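# A closer look at the structure
So you can see what is in the structure, the chains are spelled out below.
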Protein chains: 2
Amino acid sequence: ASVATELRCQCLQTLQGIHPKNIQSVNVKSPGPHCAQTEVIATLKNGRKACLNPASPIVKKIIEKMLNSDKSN
Amino acid sequence: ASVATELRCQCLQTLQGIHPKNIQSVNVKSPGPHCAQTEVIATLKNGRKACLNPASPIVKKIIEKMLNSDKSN
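Residues numbered from 1 in each chain as written, not as in the entry; some residues may be left out. Chains lettered and ligands numbered in written order. Heavy atoms only, no water.

## Overview of the overall build of chain A
Note the cut-off: For helices the rule is a DSSP run of H or I covering at least 4 residues; for strands it is a run of E covering at least 2, with both sets numbered from the N terminus onward. For every residue, the accessible area obtained with a 1.4 Å probe (protein chains only) is divided by the maximum for its type, and the residue is called buried under 20%, exposed over 50%, and partly exposed between those limits. Any two residues whose heavy atoms approach within 4.5 Å are treated as being in contact. Within this scheme the basic residues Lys and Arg register as positive and the acidic residues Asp and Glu register as negative, but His and the chain ends are omitted. To locate a charge, take atom NZ for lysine, CZ for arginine, CG for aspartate or CD for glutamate.
For chain A, the helix and strand inventory stands at one helix and three strands. Listing every helix and strand of chain A by position from the N terminus yields β-β-β-α. Seen through its C-alpha atoms, chain A measures out along the principal axes to roughly 40 × 30 × 20 Å. Looking at the 73 residues of chain A, the share that counts as buried comes to 42%. Within chain A, counting contacts between residues at least 6 apart in sequence, those at least 24 apart form 47% of the total. Measuring between centres, the 10 positive side-chain charges of chain A sit 7 Å from its 4 negative side-chain charges.

This is the structure we're talking about:
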């Protein structure tokens, strides 16, 4: 399907963060044999995506927020 | 690249959860015009992936855990 020494830092770059309303999904790829630096990702609600920095406070909150986004309903 | 009314519940099914050591990434796709039910995902450290249920307590902890996985180093 897709696997062959082809793993690049899914988030070569990163953004300080963004409102949790502009995001839609949250892909957090931990560091491994391809990237020793965590890589957070947010799929905007417009089919767009934006990597964030897990070292910043706004990013750590971007995730903690999505988590609640799914609290019963 | 990849976008055309082709969005299916990334997690048609779900698993009660799993240890945070067997996972590697955490893809949380919120519900939208394709799935009205949140969909959590965990990429094992063996290139494998497993969807979890965001309605269970172990799943909500699977995420809260990864978040810490990236706390300075």
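## Some words on helix α1 (residues 57–69) of chain A
For clarity, the cut-off: Multiplying 1.5 Å by the residue count of a helix minus one yields the expected span of that helix. It is the directions from the helix axis to the C-beta atoms that the arc portrays.
Relative to the 18 Å expected for 13 residues at 1.5 Å per residue, α1(A) spans 18 Å between its end C-alpha atoms, a close match to the ideal helical length. Of the positions making up α1(A), those classed as buried are A:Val59, A:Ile62, A:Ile63, A:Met66 and A:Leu67. Down the axis of α1(A), the buried set is contained in an arc of 135°. They therefore lie on one face. Turned more than 90 degrees away from the buried face of α1(A) sit A:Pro57 and A:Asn68, all of them exposed. If you follow the buried residues of α1(A), they end up packed against β1 (23–29), β2 (39–44) and β3 (49–52) of chain A together with β1 (23–29) and α1 (57–69) of chain B.

## What to know about the relation of the copies chain B and chain A
The condition is simple: A least-squares fit, run on the C-alpha atoms, superposes the copies.
Turning chain B through 180° and shifting it by 0.0 Å along the axis lays it on chain A, with an RMSD of 0.0 Å. Read as a symmetry element, the transformation amounts to a two-fold axis. No C-alpha of chain B lies nearer the rotation axis than that of B:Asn27, which sits 2.0 Å from it. A symmetric contact is evident, with 100% of the interface residues of chain B recurring at the interface of chain A.

## Structural notes on the packing of α1(A) against α1(B)
Which entries qualify depends on this criterion: Think of each axis as a best-fit line through the C-alpha atoms, taken over the contacting stretch in the case of a helix, with angles from 0 to 180 degrees between the N-to-C directions. We call two directions roughly parallel when the angle between them is under 35 degrees, roughly antiparallel when it is over 145, roughly perpendicular when it lies between 65 and 115, and oblique otherwise. Residue polarity is assigned by list, with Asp, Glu, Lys and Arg as charged and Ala, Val, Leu, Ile, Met, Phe, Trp, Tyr, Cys and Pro as nonpolar; anything else, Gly included, falls into the polar class.
As a packed pair, α1(A) and α1(B) sit with axes 11 Å apart at the nearest point and diverge in direction by 180°. In terms of orientation, α1(A) lies roughly antiparallel with respect to α1(B). Residues A:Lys60, A:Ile63, A:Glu64 and A:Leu67 of α1(A) pack against B:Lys60, B:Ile63, B:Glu64 and B:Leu67 of α1(B). Broken down by class, the residue content of the contact of α1(A) with α1(B) amounts to four nonpolar, no polar and four charged.

## A look at the nonpolar core
Selection criterion: As used in this record, nonpolar core signifies buried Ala, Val, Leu, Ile, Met, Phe, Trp, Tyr and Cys residues forming a set joined through side-chain atoms within 4.5 Å.
Within the largest apolar cluster, 24 residues are counted, with the highest numbers of intra-cluster contacts made by A:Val28, A:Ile63, B:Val28 and B:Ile63. Of all the secondary-structure elements, those providing two or more residues to this core are β1, β2 and α1 of chain A together with β1, β2 (39–44) and α1 of chain B. Excluding anything up to four places from it in sequence, A:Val28 contacts A:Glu39, A:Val40, A:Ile63, B:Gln24, B:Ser25, B:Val26 and B:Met66.

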